[PDB]
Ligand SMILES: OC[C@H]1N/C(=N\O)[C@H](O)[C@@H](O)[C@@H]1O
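This document opens with one chain alone, in structure tokens, the form solved without this ligand.
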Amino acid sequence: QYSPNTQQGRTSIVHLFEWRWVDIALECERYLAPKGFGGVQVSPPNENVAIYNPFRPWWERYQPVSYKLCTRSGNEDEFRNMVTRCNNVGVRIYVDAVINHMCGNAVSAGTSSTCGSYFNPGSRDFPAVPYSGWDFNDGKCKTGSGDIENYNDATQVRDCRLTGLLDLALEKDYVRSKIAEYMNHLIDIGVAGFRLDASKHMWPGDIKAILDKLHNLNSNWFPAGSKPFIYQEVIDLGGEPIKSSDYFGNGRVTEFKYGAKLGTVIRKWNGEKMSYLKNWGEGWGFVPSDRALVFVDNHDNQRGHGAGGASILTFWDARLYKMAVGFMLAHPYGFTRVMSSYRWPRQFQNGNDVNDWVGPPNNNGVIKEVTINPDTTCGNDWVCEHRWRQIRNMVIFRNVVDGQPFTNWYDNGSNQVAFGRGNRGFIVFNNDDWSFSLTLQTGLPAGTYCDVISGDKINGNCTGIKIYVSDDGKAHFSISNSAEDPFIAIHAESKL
């Protein structure tokens, strides 16, 4: 469960948040495969409640109605088509698995669901699975409200309703079987793994129990005995009874301290500075590199939704964001996930975005197609951070240097730092209020290298900055504090 199952030499996955299946299929072939992306994390493919007030929020997808593959992203055929097309070009699919709960206990019964299936939250009847009142933790929860009231109580965190969502009785073999059934349906179509939503709210053992019921990966695309990659969503900043280490037996875990700390450092808050990143990694109290899934931001926290808080860097902070994502992709710690978002009408009222619920770009609830502009960026309110030159080029950087050790670290004691990856890549950052202009040891073979942040290596030349490495691996670097992108990156494959 620890191996992502990506094609050799593909080191990252992209979250194509709320995208339609047909658009992901196209994206795999026209961009992901040619640009070296290892895989895609998709939004929950199972039927959810259609919430009309507010109007179709992104969060309605974390409120399952059934295990039917029918959502605003598309139907089963479309999902199967996408997995096929993606796998055939060597781009893997990771399904966001929503298995700790069903919908909010207070949603109205009926058929307001993405696939029209009937449901009755009130009576706990989910006839499309089916599930009944006997499959929930109602009798287990011991909180007054039936909801999680105390995060210092571990039992509570797992048997009570997270924000009122109907908590499934995961110790029951019937429940475990229904979920494994859904997951096995996905494995057979061709998925390579799963993001386990709200793992913190589930006992490690119950998760184990479900995993034991799973099939090996599709033998048409994976080697026999291949196990699905598992990464569990556990929010573990310090101090709670639940530790992320309690989930290592099941797979990797999301390292939420990563983006929270990186954000503080890049923003230069709390007396933090880039020179402190010399020992970034476990040295910072993070989980072992072999069990981490890292990222700058995720779908929840880029909304100010406190899974790292105010220090989280997002596409909204484009300059600092490219820097942070570049740092993450060059650094050997963990397995990296890149975020791809949609723009929404952010409207702050007393430090709160009143429109943090806004769903993907739509026309009366129908998700708008991902359009591609002449310059390769996207239209229709899709941000497509994965298509920003500085980001896609750093995805490539990570593939080129895979396996190379962290070396040739430099720092000015402030926010000007540089580091290499073996003899295959070198990166330099200027986050200080003055220019950087120094000759550094890069550990790279002599030559002219294209800077992949400002441009690209295209048919024997560079469209951006050219770096000259002398015979002794030294190269001069100049970076103005007012540069658009105050960082430079060169690698074995950007050399002319």
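Only residues modelled in both forms are compared. Throughout, we count residues from 1 along the sequence that is shown. Rigid core (definition): largest C-alpha set, two forms, superposition within 1.5 Å.
One more form of this protein, deposited with this ligand bound, exists but is not displayed; see below.
Enquirer: Pick from 417-425, 179-187, 400-408, 197-205: which stretch has non-hydrogen atoms within 4.5 Å of this ligand in the entry with it bound?
Expert: Among the candidates, contact is made by 197-205.
Enquirer: Has each of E47, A109 and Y118 got a heavy atom lying within 4.5 angstroms of this ligand in the entry with it bound?
Expert: Judged in the entry with it bound, none of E47, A109 and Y118 sits within 4.5 Å of this ligand.
Enquirer: Of the options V395, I235, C141, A292, which one has a non-hydrogen atom that comes within 4.5 Å of this ligand in the entry with it bound?
Expert: Looking at the other structure, the residue within range turns out to be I235.
Enquirer: Classify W344 as contacting or not contacting this ligand in the entry with it bound by the rule of any non-hydrogen atom within 4.5 angstroms, answering yes or no.
Expert: Answer no; every heavy atom of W344 is more than 4.5 Å from this ligand in the entry with it bound.
Enquirer: Mark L162 yes when one of its heavy atoms lies within 4.5 Å of a heavy atom of this ligand in the entry with it bound, and no otherwise.
Expert: Output for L162 is yes: heavy atoms within 4.5 Å of this ligand.
Enquirer: Look up in the entry with it bound whether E240 has a non-hydrogen atom within 4.5 angstroms of this ligand, and give yes or no.
Expert: Within the cut-off, so yes.
Enquirer: Looking at the partner-bound form in the entry with it bound, is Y151 within 4.5 Å of this ligand by any heavy atom?
Expert: Yes, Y151 is a contact residue.
Enquirer: So if I superpose on the core and keep residues found in both forms, which blocks of at least 3 in a row have all their CA atoms moved by 2 Å or more between this form and the one not shown?
Expert: Only one moving run appears between this form and the one not shown, namely 304-306.
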